[PDB]
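Worksheet for the structure shown next.
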Amino acid sequence: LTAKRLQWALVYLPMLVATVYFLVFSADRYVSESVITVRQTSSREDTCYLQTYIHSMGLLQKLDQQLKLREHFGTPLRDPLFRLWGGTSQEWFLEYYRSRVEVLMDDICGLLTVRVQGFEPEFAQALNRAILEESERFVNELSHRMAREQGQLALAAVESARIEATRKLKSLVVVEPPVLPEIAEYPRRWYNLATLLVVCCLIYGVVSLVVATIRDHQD
Amino acid sequence: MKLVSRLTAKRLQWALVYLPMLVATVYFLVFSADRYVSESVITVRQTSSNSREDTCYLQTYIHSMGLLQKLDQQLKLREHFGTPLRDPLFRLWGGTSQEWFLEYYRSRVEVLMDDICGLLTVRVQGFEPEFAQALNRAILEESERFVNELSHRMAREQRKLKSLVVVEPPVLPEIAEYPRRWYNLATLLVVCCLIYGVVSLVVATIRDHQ
Amino acid sequence: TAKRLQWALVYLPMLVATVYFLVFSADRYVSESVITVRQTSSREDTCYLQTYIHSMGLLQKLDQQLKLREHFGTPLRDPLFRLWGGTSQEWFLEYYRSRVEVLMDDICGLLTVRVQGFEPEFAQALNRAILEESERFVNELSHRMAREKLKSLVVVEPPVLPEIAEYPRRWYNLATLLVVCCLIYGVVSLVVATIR
Amino acid sequence: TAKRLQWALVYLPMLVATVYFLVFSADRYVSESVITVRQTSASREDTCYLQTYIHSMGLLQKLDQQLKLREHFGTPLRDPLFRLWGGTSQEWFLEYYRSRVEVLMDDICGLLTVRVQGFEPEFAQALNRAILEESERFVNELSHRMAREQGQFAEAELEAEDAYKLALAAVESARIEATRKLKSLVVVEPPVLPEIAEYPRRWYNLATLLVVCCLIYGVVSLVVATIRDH
């Protein structure tokens, strides 16, 4: 258990693996963020509804039928970690999508920021636009169905029910529309490499100090 | 006290160190039964004005008994849950009591409440995915019927008053979420080790003391 | 000596509990019901129901309706949980309060009532009579207020016929008694050894 | 190893700093304005909408099409670290603009303070006025987007006579809603024209560099002592 073996098996090997991954094997991932809010036309419950519905399963069924997500995410064969392996289960696909699309909530303003990822910037922007339009359609159809079933003299009630069923009661205002990225911000190769270098340097130092400490006993 | 010296290091190991993974491996791999899960997300609204409390009403009503009787008459849960004879732990034995059936149904159907803004999530386990989806849909339809009858009664004593919002409809699973075989094996390894270390220390000090 | 506290402290309660729970105990079925009072047009009415269920007048009306004094005297084999004949009215009140457990869930205003009895149909009938009389009192309060169907009772979970005896848990009671008896033995042995 | 160790993590770092700061650095002028939106005839949510929109990306595209900040921010060649290099990424441009434009909100009153940076005073003032005008137009456009859909719905409904009356009244209400300035932005302090720079604070960063260099020197001396005792 010499120092050469510890340096080779704790510092040089993991840094070598990380270097030959992040430089020649990793696949770039472009993000396309947007900032949205849903308001009543002359609201925390509706933004919770949107936050849940974005990570839902029916939205995935619609989006996979629309923009062909599965065959897009299987394109980069060089990177084996972030690619979507073919023939995988539906639950793995759902978890992969939930990892790719990140939704954050600003509770002070109730603003939903959605950052989607894709291996092509145009695909990421198209996916974000599809998410926005499907979210608006869902938040509209919910109120449409609710008012139509609630409304279902008598003639005035029928007229009120039909005009409520056809009215655009809800609307989604796009504060910051889905942008088209130019370069990929993921993965942060150099930051990850520096963090890993610090971590294995500290780990090697700690284990070397421990080894010297146990070796101190010389009966 | 004479049996304390019998417990050598090799003995206590076969005792709680290896044995447990033997039985865990012969159960979780060749004896357990898959359990597909269907998940739905709902919330009831204030349409009967012309509302978390109604959601807790629904939370108590889902884990009730009359709903279980209705579902047993409708979809025959009792005969379905006895299907896997391979795994008795995850199976409903025939001829059991009604209360044990109620506890089994409460264990299978899991209801959670997102409390920051009140979203009712329901996860239903079944040995076939289509049966889990059907049970979830039946639970939702009886849910809507009860929340409508909840008002229909006082309206009659004094039209769809309330309504059920379906954020996430009952999905049809493809692969089985439970049981987590390798995960349970890993946690079992961790616990069996920890207790072996602790009991080795305590048997060492009780051997030294006497 | 130390054998006196070894035997007479922990063993004799275990033989007593064994000869009670195994043979001398009487099975007690239990029914449950989950309700909420709501106006037909409200926590105050819920608190009114809470203090009215465990009251005196309701006990008199229930004794007239169903004669619980005869029903709680049937099992002669159980000397503790049976209702002794010719007891005081106050002991009857405490017995009724023990046999009918009401729990309040105030995060949404839910009443739950669990009624124990030696017959399952009797337990269901007692639960239904309690629900009916509580509803009658709920509207009678407003009727007497406005005299010089105002309110209704919402039934989340109606009374249920029990099939097996949920109470008492013999093995659970024996185990927790064993644990406490051993603890008591441990503490008294430690102090009686460290006093020396 | 012993004496040359300090001649690297402290003195040399402090040096590569003063010759850059007092010779290589170029001044950066600051233009300050204080704004608050208001409903005509709380209002904090629209102010925080505005806070999001100022640092947003579409506003940067509009400002680049209007005033062409890309070539302006690359004019001073004397600062390799502070200028905007040519051919850099769009995201780096967004980060640079976010760094240059500073937005604060005081919440006990809800006033927005916008402090923009530049290399000329006239350019800084014109940029501040550009964000002011674009924000004032943006709030009105956001409010009118919610009204043009109602106008379209009323036009669809327009396609006994009481139905005609309500269809005309609703479409007239939608028309007068779509053409009215519903959200108006009032300026407490208009953008000002600076005279001297303030944000190239030479003496402030030198103390921080001194502190971090002393900390690095101490920790590196301690680990060197460790490895020497080993």
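Naming scheme: A, B, ... for chains in displayed order of the structure tokens; residues 1 onward per chain; ligands 1 onward as shown.
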Would you pick out the contacts of residue A:164 at 8 Å or less, using only C-alpha atoms, so that residues sharing its chain but fewer than 5 positions from it are not included, and give the list as a ChimeraX atom specification? /A:144,147-148,169
Pull out every residue of chain B that has at least one atom within 8 Å of chain A, counting only C-alpha atoms, and report them as a PyMOL selection string. chain B and resi 47+117+159-161+163+165+167-169+171+173-175
Write out as a ChimeraX atom specification the set of residues from chain C that DSSP, computed on the backbone, places in alpha helix (DSSP H). /C:3-7,11-19,43-53,57-66,68-71,89-99,120-147,170-195
Mind listing as a ChimeraX atom specification which residues of chain B are within 10 Å of chain C, counting only C-alpha atoms? /B:52-58,60-67,96-100,146,150-151,153-158
Please list as a PyMOL selection string every residue within 10 Å of residue A:167, counting only C-alpha atoms and excluding residues in the same chain fewer than 3 positions away. (chain A and resi 140+143-144+147+161-164+170) or (chain D and resi 149-150+153-154+157)
Just want the 10 Å neighbourhood of residue A:193, counted on only C-alpha atoms, with same-chain residues fewer than 5 positions away dropped. Output as a short mmCIF file (atom, residue, chain, number, x, y, z; two decimals) with N, CA, C and O atoms, in the first residue's frame.
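Output contents, as saved in out09.cif:
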```
data_model
loop_
_atom_site.label_atom_id
_atom_site.label_comp_id
_atom_site.auth_asym_id
_atom_site.auth_seq_id
_atom_site.Cartn_x
_atom_site.Cartn_y
_atom_site.Cartn_z
N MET A 15 -9.74 11.05 -12.37
CA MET A 15 -9.59 12.24 -13.21
C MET A 15 -9.40 11.86 -14.67
O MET A 15 -9.92 12.55 -15.55
N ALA A 18 -12.90 10.88 -15.94
CA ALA A 18 -13.72 12.07 -16.11
C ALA A 18 -13.26 12.91 -17.29
O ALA A 18 -14.08 13.51 -17.99
N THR A 19 -11.95 12.98 -17.52
CA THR A 19 -11.43 13.76 -18.64
C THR A 19 -11.81 13.13 -19.97
O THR A 19 -12.31 13.81 -20.87
N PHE A 22 -15.79 13.78 -20.29
CA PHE A 22 -16.32 15.12 -20.49
C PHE A 22 -15.74 15.83 -21.71
O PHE A 22 -16.30 16.85 -22.13
N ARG A 188 -21.36 21.46 -17.55
CA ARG A 188 -20.26 22.37 -17.23
C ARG A 188 -19.01 21.53 -17.04
O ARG A 188 -18.75 21.00 -15.96
N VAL A 198 -10.53 18.76 -6.77
CA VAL A 198 -10.49 19.13 -5.36
C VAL A 198 -10.96 17.97 -4.49
O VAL A 198 -10.35 17.66 -3.45
N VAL A 199 -12.03 17.29 -4.90
CA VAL A 199 -12.62 16.23 -4.08
C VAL A 199 -11.66 15.06 -3.94
O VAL A 199 -11.40 14.58 -2.83
#
```
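Between atom CA of residue A:112 and atom CA of residue A:38 there is a distance of 9.1 Å.
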Within 12 Å of residue A:85 using only C-alpha atoms, minus same-chain residues under 3 positions, as a list in words: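 Here the qualifying residues turn out to be residues 70, 71, 72, 73, 74, 75, 76, 77, 78, 79, 80, 81, 82, 88, 89, 90, 92, 93 and 96 of chain A.
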Please produce a file of the residues just selected, as an mmCIF file, in the first residue's frame, where the atoms kept are N, CA and C atoms.
```
data_model
loop_
_atom_site.group_PDB
_atom_site.id
_atom_site.type_symbol
_atom_site.label_atom_id
_atom_site.label_comp_id
_atom_site.auth_asym_id
_atom_site.auth_seq_id
_atom_site.Cartn_x
_atom_site.Cartn_y
_atom_site.Cartn_z
ATOM 1 N N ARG A 70 -39.019 10.489 -28.062
ATOM 2 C CA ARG A 70 -38.231 9.286 -27.800
ATOM 3 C C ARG A 70 -37.113 9.107 -28.816
ATOM 4 N N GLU A 71 -37.419 9.280 -30.100
ATOM 5 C CA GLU A 71 -36.402 9.085 -31.125
ATOM 6 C C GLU A 71 -35.450 10.271 -31.199
ATOM 7 N N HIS A 72 -35.862 11.438 -30.701
ATOM 8 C CA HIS A 72 -34.916 12.545 -30.600
ATOM 9 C C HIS A 72 -33.903 12.295 -29.494
ATOM 10 N N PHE A 73 -34.374 11.883 -28.317
ATOM 11 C CA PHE A 73 -33.473 11.728 -27.181
ATOM 12 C C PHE A 73 -32.565 10.513 -27.304
ATOM 13 N N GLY A 74 -32.824 9.620 -28.253
ATOM 14 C CA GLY A 74 -31.937 8.516 -28.535
ATOM 15 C C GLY A 74 -30.883 8.793 -29.581
ATOM 16 N N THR A 75 -30.854 10.000 -30.145
ATOM 17 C CA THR A 75 -29.878 10.316 -31.188
ATOM 18 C C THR A 75 -28.417 10.285 -30.737
ATOM 19 N N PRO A 76 -27.991 10.902 -29.596
ATOM 20 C CA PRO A 76 -26.549 10.935 -29.313
ATOM 21 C C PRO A 76 -26.070 9.600 -28.769
ATOM 22 N N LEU A 77 -25.367 8.842 -29.608
ATOM 23 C CA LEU A 77 -24.852 7.543 -29.203
ATOM 24 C C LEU A 77 -23.496 7.624 -28.519
ATOM 25 N N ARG A 78 -22.789 8.748 -28.646
ATOM 26 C CA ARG A 78 -21.470 8.858 -28.035
ATOM 27 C C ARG A 78 -21.564 8.918 -26.516
ATOM 28 N N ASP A 79 -22.510 9.690 -25.988
ATOM 29 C CA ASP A 79 -22.684 9.799 -24.546
ATOM 30 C C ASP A 79 -23.652 8.727 -24.069
ATOM 31 N N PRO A 80 -23.232 7.811 -23.193
ATOM 32 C CA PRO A 80 -24.131 6.743 -22.747
ATOM 33 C C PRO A 80 -24.937 7.057 -21.499
ATOM 34 N N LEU A 81 -24.647 8.154 -20.803
ATOM 35 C CA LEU A 81 -25.334 8.449 -19.551
ATOM 36 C C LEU A 81 -26.605 9.263 -19.767
ATOM 37 N N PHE A 82 -26.521 10.345 -20.535
ATOM 38 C CA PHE A 82 -27.654 11.239 -20.725
ATOM 39 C C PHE A 82 -28.505 10.884 -21.936
ATOM 40 N N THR A 88 -36.647 1.166 -23.598
ATOM 41 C CA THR A 88 -36.760 1.342 -22.162
ATOM 42 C C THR A 88 -38.226 1.426 -21.746
ATOM 43 N N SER A 89 -38.455 1.315 -20.441
ATOM 44 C CA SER A 89 -39.808 1.295 -19.912
ATOM 45 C C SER A 89 -40.435 2.684 -19.962
ATOM 46 N N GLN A 90 -41.758 2.714 -19.797
ATOM 47 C CA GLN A 90 -42.483 3.980 -19.791
ATOM 48 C C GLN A 90 -42.133 4.815 -18.566
ATOM 49 N N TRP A 92 -39.289 4.810 -16.885
ATOM 50 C CA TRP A 92 -37.972 5.392 -17.110
ATOM 51 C C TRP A 92 -38.059 6.590 -18.043
ATOM 52 N N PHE A 93 -38.915 6.508 -19.062
ATOM 53 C CA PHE A 93 -39.116 7.639 -19.962
ATOM 54 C C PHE A 93 -39.698 8.835 -19.219
ATOM 55 N N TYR A 96 -36.960 10.321 -17.074
ATOM 56 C CA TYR A 96 -36.024 11.025 -17.941
ATOM 57 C C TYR A 96 -36.572 12.384 -18.351
#
```
Counting only C-alpha atoms, which residues from chain A have an atom at most 8 Å from any atom of chain D, and could you show them as a PyMOL selection string? chain A and resi 41+109+167-168+171+173+175-177+179+181-183
With N, CA, C and O atoms retained, write the just-selected residues as a PDB file, in the first residue's frame.
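The new file again33.pdb reads:
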```pdb
ATOM      1  N   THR A  41     -58.985  36.757 -16.803  1.00  0.00           N
ATOM      2  CA  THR A  41     -59.268  37.872 -17.695  1.00  0.00           C
ATOM      3  C   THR A  41     -60.514  38.609 -17.223  1.00  0.00           C
ATOM      4  O   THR A  41     -61.561  37.993 -17.001  1.00  0.00           O
ATOM      5  N   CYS A 109     -43.819  36.176  -6.477  1.00  0.00           N
ATOM      6  CA  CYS A 109     -44.592  36.603  -7.629  1.00  0.00           C
ATOM      7  C   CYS A 109     -45.511  35.527  -8.179  1.00  0.00           C
ATOM      8  O   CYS A 109     -46.391  35.845  -8.986  1.00  0.00           O
ATOM      9  N   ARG A 167     -66.592  31.084 -23.720  1.00  0.00           N
ATOM     10  CA  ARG A 167     -65.762  32.221 -23.348  1.00  0.00           C
ATOM     11  C   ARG A 167     -64.357  31.764 -22.976  1.00  0.00           C
ATOM     12  O   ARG A 167     -64.169  30.703 -22.376  1.00  0.00           O
ATOM     13  N   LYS A 168     -63.367  32.572 -23.352  1.00  0.00           N
ATOM     14  CA  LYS A 168     -61.975  32.364 -22.960  1.00  0.00           C
ATOM     15  C   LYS A 168     -61.799  32.897 -21.540  1.00  0.00           C
ATOM     16  O   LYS A 168     -61.286  33.995 -21.313  1.00  0.00           O
ATOM     17  N   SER A 171     -56.487  32.676 -19.199  1.00  0.00           N
ATOM     18  CA  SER A 171     -55.461  32.996 -20.176  1.00  0.00           C
ATOM     19  C   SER A 171     -54.101  32.926 -19.505  1.00  0.00           C
ATOM     20  O   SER A 171     -53.961  33.213 -18.313  1.00  0.00           O
ATOM     21  N   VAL A 173     -50.290  34.366 -19.636  1.00  0.00           N
ATOM     22  CA  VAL A 173     -49.474  35.477 -20.107  1.00  0.00           C
ATOM     23  C   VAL A 173     -48.010  35.059 -20.062  1.00  0.00           C
ATOM     24  O   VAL A 173     -47.513  34.601 -19.026  1.00  0.00           O
ATOM     25  N   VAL A 175     -44.482  36.030 -19.824  1.00  0.00           N
ATOM     26  CA  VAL A 175     -43.607  37.134 -19.452  1.00  0.00           C
ATOM     27  C   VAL A 175     -42.335  37.106 -20.287  1.00  0.00           C
ATOM     28  O   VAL A 175     -41.935  38.117 -20.871  1.00  0.00           O
ATOM     29  N   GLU A 176     -41.692  35.945 -20.381  1.00  0.00           N
ATOM     30  CA  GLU A 176     -40.421  35.825 -21.092  1.00  0.00           C
ATOM     31  C   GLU A 176     -40.598  34.626 -22.020  1.00  0.00           C
ATOM     32  O   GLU A 176     -40.624  33.478 -21.542  1.00  0.00           O
ATOM     33  N   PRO A 177     -40.758  34.851 -23.325  1.00  0.00           N
ATOM     34  CA  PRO A 177     -41.120  33.758 -24.251  1.00  0.00           C
ATOM     35  C   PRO A 177     -39.985  32.765 -24.432  1.00  0.00           C
ATOM     36  O   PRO A 177     -38.826  33.075 -24.135  1.00  0.00           O
ATOM     37  N   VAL A 179     -36.933  31.144 -25.598  1.00  0.00           N
ATOM     38  CA  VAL A 179     -35.849  31.678 -26.405  1.00  0.00           C
ATOM     39  C   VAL A 179     -35.164  30.548 -27.162  1.00  0.00           C
ATOM     40  O   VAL A 179     -35.318  29.366 -26.849  1.00  0.00           O
ATOM     41  N   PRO A 181     -31.603  29.078 -27.881  1.00  0.00           N
ATOM     42  CA  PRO A 181     -30.213  29.176 -27.429  1.00  0.00           C
ATOM     43  C   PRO A 181     -29.231  29.059 -28.584  1.00  0.00           C
ATOM     44  O   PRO A 181     -29.532  28.515 -29.648  1.00  0.00           O
ATOM     45  N   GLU A 182     -28.031  29.591 -28.354  1.00  0.00           N
ATOM     46  CA  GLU A 182     -26.950  29.538 -29.329  1.00  0.00           C
ATOM     47  C   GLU A 182     -25.907  28.483 -28.986  1.00  0.00           C
ATOM     48  O   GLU A 182     -25.532  27.680 -29.845  1.00  0.00           O
ATOM     49  N   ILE A 183     -25.427  28.468 -27.746  1.00  0.00           N
ATOM     50  CA  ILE A 183     -24.491  27.455 -27.285  1.00  0.00           C
ATOM     51  C   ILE A 183     -25.138  26.689 -26.141  1.00  0.00           C
ATOM     52  O   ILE A 183     -26.160  27.097 -25.584  1.00  0.00           O
TER      53      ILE A 183
END
```
I want to know what sits within 12 Å of residue A:122, based on only C-alpha atoms, with residues of the same chain fewer than 5 positions away left out; could you give that as JSON, numbers by chain? {"A": [29, 30, 31, 32, 67, 116, 117, 127, 128, 129, 178, 179, 180, 181, 182, 183]}
Can you tell me which residues surround residue D:84 at a distance of at most 9 Å, considering only C-alpha atoms, apart from same-chain residues fewer than 6 positions away, and format the answer as a list in words?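 Residues meeting the cut-off are residues 70, 71, 72, 73, 74, 75, 76, 93 and 96 of chain D.
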Computed interatomic separation between atom CA of residue D:144 and atom CA of residue D:184 (Å): 12.5 Å
What is the distance, in Å and to one decimal place, between atom CA of residue B:188 and atom CA of residue B:21? 7.6 Å
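Distance annotation: of C:26, C:49, C:15, C:2, the residue with the minimal separation from residue C:72 is C:26; atom set is only C-alpha atoms.
Secondary structure of stretch 36-154 of chain B, strand (DSSP E or B) only (DSSP, backbone atoms): residues 36, 37, 38, 39, 40, 41, 42, 43, 44, 109, 110, 111, 112, 113, 114, 119, 120, 121, 122, 123, 124, 125 and 126 of chain B.
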